[PDB]
file my_file-v6.cif (mmCIF, C-alpha atoms; chains and numbers go by the auth columns)
data_protein
#
loop_
_atom_site.group_PDB
_atom_site.id
_atom_site.type_symbol
_atom_site.label_atom_id
_atom_site.label_comp_id
_atom_site.label_asym_id
_atom_site.label_seq_id
_atom_site.Cartn_x
_atom_site.Cartn_y
_atom_site.Cartn_z
_atom_site.B_iso_or_equiv
_atom_site.auth_seq_id
_atom_site.auth_asym_id
ATOM 1 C CA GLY A 1 -42.713 117.732 139.903 0.00 33 A
ATOM 2 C CA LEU A 2 -43.391 114.324 138.422 0.00 34 A
ATOM 3 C CA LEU A 3 -46.657 112.363 138.865 0.00 35 A
ATOM 4 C CA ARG A 4 -49.052 114.430 140.963 0.00 36 A
ATOM 5 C CA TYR A 5 -49.616 113.565 144.573 0.00 37 A
ATOM 6 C CA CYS A 6 -52.497 114.441 146.838 0.00 38 A
ATOM 7 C CA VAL A 7 -53.943 113.049 150.028 0.00 39 A
ATOM 8 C CA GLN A 8 -57.415 113.969 151.183 0.00 40 A
ATOM 9 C CA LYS A 9 -58.487 114.420 154.781 0.00 41 A
ATOM 10 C CA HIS A 10 -61.841 112.980 155.784 0.00 42 A
ATOM 11 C CA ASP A 11 -62.629 114.971 158.903 0.00 43 A
ATOM 12 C CA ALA A 12 -65.558 114.402 161.295 0.00 44 A
ATOM 13 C CA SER A 13 -66.003 113.255 164.885 0.00 45 A
ATOM 14 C CA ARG A 14 -63.358 110.743 163.831 0.00 46 A
ATOM 15 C CA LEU A 15 -60.636 111.533 161.305 0.00 47 A
ATOM 16 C CA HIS A 16 -59.719 109.330 158.361 0.00 48 A
ATOM 17 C CA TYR A 17 -58.194 109.876 154.922 0.00 49 A
ATOM 18 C CA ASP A 18 -57.186 108.370 151.602 0.00 50 A
ATOM 19 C CA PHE A 19 -53.717 108.388 150.087 0.00 51 A
ATOM 20 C CA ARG A 20 -53.913 109.253 146.404 0.00 52 A
ATOM 21 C CA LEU A 21 -51.027 108.470 144.095 0.00 53 A
ATOM 22 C CA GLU A 22 -51.743 109.988 140.672 0.00 54 A
ATOM 23 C CA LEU A 23 -50.230 107.956 137.900 0.00 55 A
ATOM 24 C CA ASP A 24 -49.547 109.128 134.347 0.00 56 A
ATOM 25 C CA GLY A 25 -52.830 111.069 134.149 0.00 57 A
ATOM 26 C CA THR A 26 -55.007 108.886 136.370 0.00 58 A
ATOM 27 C CA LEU A 27 -55.310 109.723 140.051 0.00 59 A
ATOM 28 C CA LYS A 28 -55.139 106.420 141.890 0.00 60 A
ATOM 29 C CA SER A 29 -56.395 106.420 145.485 0.00 61 A
ATOM 30 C CA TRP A 30 -55.903 104.319 148.639 0.00 62 A
ATOM 31 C CA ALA A 31 -58.180 104.299 151.688 0.00 63 A
ATOM 32 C CA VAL A 32 -57.253 103.797 155.360 0.00 64 A
ATOM 33 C CA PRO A 33 -56.804 102.153 157.902 0.00 65 A
ATOM 34 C CA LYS A 34 -53.537 104.057 157.689 0.00 66 A
ATOM 35 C CA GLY A 35 -51.668 106.141 160.233 0.00 67 A
ATOM 36 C CA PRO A 36 -48.163 106.965 161.550 0.00 68 A
ATOM 37 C CA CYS A 37 -45.692 104.084 161.721 0.00 69 A
ATOM 38 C CA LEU A 38 -42.026 103.113 162.033 0.00 70 A
ATOM 39 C CA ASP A 39 -41.476 100.983 158.905 0.00 71 A
ATOM 40 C CA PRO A 40 -40.518 99.451 156.661 0.00 72 A
ATOM 41 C CA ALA A 41 -42.149 96.404 158.199 0.00 73 A
ATOM 42 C CA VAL A 42 -45.567 97.593 159.286 0.00 74 A
ATOM 43 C CA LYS A 43 -47.084 98.379 155.887 0.00 75 A
ATOM 44 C CA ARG A 44 -50.194 100.470 156.452 0.00 76 A
ATOM 45 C CA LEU A 45 -53.420 99.277 154.845 0.00 77 A
ATOM 46 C CA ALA A 46 -53.886 100.982 151.499 0.00 78 A
ATOM 47 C CA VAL A 47 -57.106 99.842 149.821 0.00 79 A
ATOM 48 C CA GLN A 48 -56.943 100.486 146.091 0.00 80 A
ATOM 49 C CA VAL A 49 -59.700 103.032 145.832 0.00 81 A
ATOM 50 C CA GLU A 50 -61.593 104.409 142.791 0.00 82 A
ATOM 51 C CA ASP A 51 -59.932 106.732 140.295 0.00 83 A
ATOM 52 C CA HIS A 52 -60.482 110.343 141.302 0.00 84 A
ATOM 53 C CA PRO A 53 -60.715 113.234 138.794 0.00 85 A
ATOM 54 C CA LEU A 54 -57.492 115.154 138.181 0.00 86 A
ATOM 55 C CA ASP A 55 -57.094 118.623 139.760 0.00 87 A
ATOM 56 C CA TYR A 56 -60.256 117.982 141.809 0.00 88 A
ATOM 57 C CA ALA A 57 -58.004 117.144 144.760 0.00 89 A
ATOM 58 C CA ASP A 58 -59.236 120.469 146.162 0.00 90 A
ATOM 59 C CA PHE A 59 -62.571 119.139 147.404 0.00 91 A
ATOM 60 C CA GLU A 60 -63.871 115.600 147.907 0.00 92 A
ATOM 61 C CA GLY A 61 -67.197 116.086 149.635 0.00 93 A
ATOM 62 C CA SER A 62 -69.131 115.692 152.875 0.00 94 A
ATOM 63 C CA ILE A 63 -70.211 118.670 154.980 0.00 95 A
ATOM 64 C CA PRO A 64 -67.999 121.524 156.288 0.00 96 A
ATOM 65 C CA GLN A 65 -67.766 120.905 160.019 0.00 97 A
ATOM 66 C CA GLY A 66 -67.425 124.630 160.647 0.00 98 A
ATOM 67 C CA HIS A 67 -71.220 124.804 160.718 0.00 99 A
ATOM 68 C CA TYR A 68 -71.866 122.763 163.866 0.00 100 A
ATOM 69 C CA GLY A 69 -69.894 119.578 163.341 0.00 101 A
ATOM 70 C CA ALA A 70 -70.004 117.083 160.473 0.00 102 A
ATOM 71 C CA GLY A 71 -66.680 116.750 158.779 0.00 103 A
ATOM 72 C CA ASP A 72 -65.443 117.915 155.430 0.00 104 A
ATOM 73 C CA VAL A 73 -63.280 115.957 153.063 0.00 105 A
ATOM 74 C CA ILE A 74 -60.844 118.155 151.178 0.00 106 A
ATOM 75 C CA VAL A 75 -57.226 118.697 150.401 0.00 107 A
ATOM 76 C CA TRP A 76 -54.789 118.154 153.223 0.00 108 A
ATOM 77 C CA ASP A 77 -51.627 117.692 151.260 0.00 109 A
ATOM 78 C CA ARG A 78 -50.888 118.263 147.591 0.00 110 A
ATOM 79 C CA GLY A 79 -47.725 117.994 145.518 0.00 111 A
ATOM 80 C CA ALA A 80 -45.775 115.513 143.408 0.00 112 A
ATOM 81 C CA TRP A 81 -43.976 112.191 143.809 0.00 113 A
ATOM 82 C CA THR A 82 -40.850 110.446 142.557 0.00 114 A
ATOM 83 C CA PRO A 83 -40.841 106.895 141.167 0.00 115 A
ATOM 84 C CA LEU A 84 -38.150 104.873 142.968 0.00 116 A
ATOM 85 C CA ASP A 85 -38.971 101.995 140.655 0.00 117 A
ATOM 86 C CA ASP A 86 -41.550 101.596 137.890 0.00 118 A
ATOM 87 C CA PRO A 87 -44.432 103.897 138.958 0.00 119 A
ATOM 88 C CA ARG A 88 -46.704 102.897 136.188 0.00 120 A
ATOM 89 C CA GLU A 89 -45.574 99.316 136.102 0.00 121 A
ATOM 90 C CA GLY A 90 -45.295 98.661 139.779 0.00 122 A
ATOM 91 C CA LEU A 91 -48.790 100.002 140.247 0.00 123 A
ATOM 92 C CA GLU A 92 -49.990 97.481 137.685 0.00 124 A
ATOM 93 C CA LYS A 93 -47.551 94.722 138.543 0.00 125 A
ATOM 94 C CA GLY A 94 -48.064 95.116 142.285 0.00 126 A
ATOM 95 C CA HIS A 95 -44.738 96.668 143.331 0.00 127 A
ATOM 96 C CA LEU A 96 -44.679 100.446 143.791 0.00 128 A
ATOM 97 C CA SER A 97 -41.809 102.533 145.031 0.00 129 A
ATOM 98 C CA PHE A 98 -42.186 106.285 145.384 0.00 130 A
ATOM 99 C CA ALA A 99 -41.322 109.475 147.228 0.00 131 A
ATOM 100 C CA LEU A 100 -43.857 112.187 148.092 0.00 132 A
ATOM 101 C CA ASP A 101 -43.062 115.879 148.004 0.00 133 A
ATOM 102 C CA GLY A 102 -46.049 118.065 148.729 0.00 134 A
ATOM 103 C CA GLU A 103 -47.762 120.374 151.161 0.00 135 A
ATOM 104 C CA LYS A 104 -47.506 118.390 154.401 0.00 136 A
ATOM 105 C CA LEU A 105 -46.727 114.821 153.419 0.00 137 A
ATOM 106 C CA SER A 106 -43.451 113.651 151.948 0.00 138 A
ATOM 107 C CA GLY A 107 -40.628 111.153 152.140 0.00 139 A
ATOM 108 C CA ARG A 108 -40.287 107.705 150.580 0.00 140 A
ATOM 109 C CA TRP A 109 -42.901 104.932 150.597 0.00 141 A
ATOM 110 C CA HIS A 110 -43.697 101.596 148.906 0.00 142 A
ATOM 111 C CA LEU A 111 -47.107 100.395 147.747 0.00 143 A
ATOM 112 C CA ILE A 112 -47.493 96.652 147.392 0.00 144 A
ATOM 113 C CA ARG A 113 -50.616 94.773 146.281 0.00 145 A
ATOM 114 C CA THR A 114 -51.805 92.294 148.902 0.00 146 A
ATOM 115 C CA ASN A 115 -52.712 89.640 146.316 0.00 147 A
ATOM 116 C CA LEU A 116 -49.827 87.734 147.844 0.00 148 A
ATOM 117 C CA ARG A 117 -49.602 86.746 151.536 0.00 149 A
ATOM 118 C CA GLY A 118 -52.500 89.049 152.357 0.00 150 A
ATOM 119 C CA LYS A 119 -56.009 90.078 151.366 0.00 151 A
ATOM 120 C CA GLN A 120 -56.371 90.242 147.539 0.00 152 A
ATOM 121 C CA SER A 121 -56.146 93.709 145.973 0.00 153 A
ATOM 122 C CA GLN A 122 -55.475 96.075 148.846 0.00 154 A
ATOM 123 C CA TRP A 123 -52.031 97.607 148.905 0.00 155 A
ATOM 124 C CA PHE A 124 -49.396 97.973 151.553 0.00 156 A
ATOM 125 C CA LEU A 125 -48.194 101.463 152.306 0.00 157 A
ATOM 126 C CA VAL A 126 -44.862 100.796 153.958 0.00 158 A
ATOM 127 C CA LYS A 127 -41.819 103.107 154.205 0.00 159 A
ATOM 128 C CA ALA A 128 -39.505 103.023 151.172 0.00 160 A
ATOM 129 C CA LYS A 129 -36.319 102.482 153.107 0.00 161 A
ATOM 130 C CA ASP A 130 -34.514 99.860 151.062 0.00 162 A
ATOM 131 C CA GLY A 131 -31.410 101.897 151.718 0.00 163 A
#
call {"tool": "encode", "arguments": {"input": "my_file-v6.cif", "output": "structure tokens"}}
result
Amino acid sequence: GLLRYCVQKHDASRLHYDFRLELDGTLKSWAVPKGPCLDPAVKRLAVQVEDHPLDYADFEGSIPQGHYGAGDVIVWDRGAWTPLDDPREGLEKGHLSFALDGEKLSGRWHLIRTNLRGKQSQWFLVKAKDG
């Protein structure tokens, strides 16, 4: 039950989401493209998204599709995550190692800032299998 974890599902005619790694009281977020993968080697795109309000992982926005179709963005998975390395530092320094333990999503993953050999400030969500 360390740093809080939550990932939000952006439903609609087409489904997307954003992977939110809350860090020492600030809920960092990371937008798709991101889906299932083998890894580590095929780091999923994790765009370093705005800082979302704490606890508010319940509801993001959009329009409940239960009406007649639209797509609602709410909680899909919620829990906590383990730092495999420096959680605070790595997130600043560009090298994150973590393990999720929540509602639906879990395991071990690495975030890496694409300032090097990549885009600029997006991150790489690859599996944290260094062992």
call {"tool": "atom_distance", "arguments": {"input": "my_file-v6.cif", "atom1": "CA of residue 159 (chain A)", "atom2": "CA of residue 145 (chain A)"}}
result
14.5 Å
call {"tool": "atom_distance", "arguments": {"input": "my_file-v6.cif", "atom1": "CA of residue 58 (chain A)", "atom2": "CA of residue 160 (chain A)"}}
result
22.2 Å
call {"tool": "atom_distance", "arguments": {"input": "my_file-v6.cif", "atom1": "CA of residue 158 (chain A)", "atom2": "CA of residue 89 (chain A)"}}
result
22.9 Å
call {"tool": "residues_around", "arguments": {"input": "my_file-v6.cif", "residues": "residue 147 (chain A)", "least_positions_apart": "6", "cutoff": "12 Å", "atoms": "only C-alpha atoms", "output": "count of residues only"}}
result
10
call {"tool": "resolve_selection", "arguments": {"input": "my_file-v6.cif", "expression": "the PyMOL selection byres ((chain A and resi 35) around 8)", "output": "list in words"}}
result
residues 33, 34, 36, 37, 53, 54, 55, 56, 57, 112, 113 and 114 of chain A
call {"tool": "resolve_selection", "arguments": {"input": "my_file-v6.cif", "expression": "the PyMOL selection byres ((chain A and resi 128-139) around 6)", "output": "list in words"}}
result
residues 109, 110, 111, 112, 113, 114, 115, 116, 117, 119, 122, 123, 127, 140, 141, 142, 143 and 144 of chain A
call {"tool": "resolve_selection", "arguments": {"input": "my_file-v6.cif", "expression": "the PyMOL selection byres ((chain A and resi 66) around 12)", "output": "PDB file with C-alpha atoms, in the coordinates of the input"}}
result
ATOM      1  CA  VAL A  39     -53.943 113.049 150.028  1.00  0.00           C
ATOM      2  CA  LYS A  41     -58.487 114.420 154.781  1.00  0.00           C
ATOM      3  CA  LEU A  47     -60.636 111.533 161.305  1.00  0.00           C
ATOM      4  CA  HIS A  48     -59.719 109.330 158.361  1.00  0.00           C
ATOM      5  CA  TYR A  49     -58.194 109.876 154.922  1.00  0.00           C
ATOM      6  CA  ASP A  50     -57.186 108.370 151.602  1.00  0.00           C
ATOM      7  CA  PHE A  51     -53.717 108.388 150.087  1.00  0.00           C
ATOM      8  CA  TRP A  62     -55.903 104.319 148.639  1.00  0.00           C
ATOM      9  CA  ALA A  63     -58.180 104.299 151.688  1.00  0.00           C
ATOM     10  CA  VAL A  64     -57.253 103.797 155.360  1.00  0.00           C
ATOM     11  CA  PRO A  65     -56.804 102.153 157.902  1.00  0.00           C
ATOM     12  CA  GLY A  67     -51.668 106.141 160.233  1.00  0.00           C
ATOM     13  CA  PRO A  68     -48.163 106.965 161.550  1.00  0.00           C
ATOM     14  CA  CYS A  69     -45.692 104.084 161.721  1.00  0.00           C
ATOM     15  CA  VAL A  74     -45.567  97.593 159.286  1.00  0.00           C
ATOM     16  CA  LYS A  75     -47.084  98.379 155.887  1.00  0.00           C
ATOM     17  CA  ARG A  76     -50.194 100.470 156.452  1.00  0.00           C
ATOM     18  CA  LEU A  77     -53.420  99.277 154.845  1.00  0.00           C
ATOM     19  CA  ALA A  78     -53.886 100.982 151.499  1.00  0.00           C
ATOM     20  CA  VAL A  79     -57.106  99.842 149.821  1.00  0.00           C
ATOM     21  CA  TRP A 155     -52.031  97.607 148.905  1.00  0.00           C
ATOM     22  CA  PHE A 156     -49.396  97.973 151.553  1.00  0.00           C
ATOM     23  CA  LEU A 157     -48.194 101.463 152.306  1.00  0.00           C
ATOM     24  CA  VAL A 158     -44.862 100.796 153.958  1.00  0.00           C
TER      25      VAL A 158
END
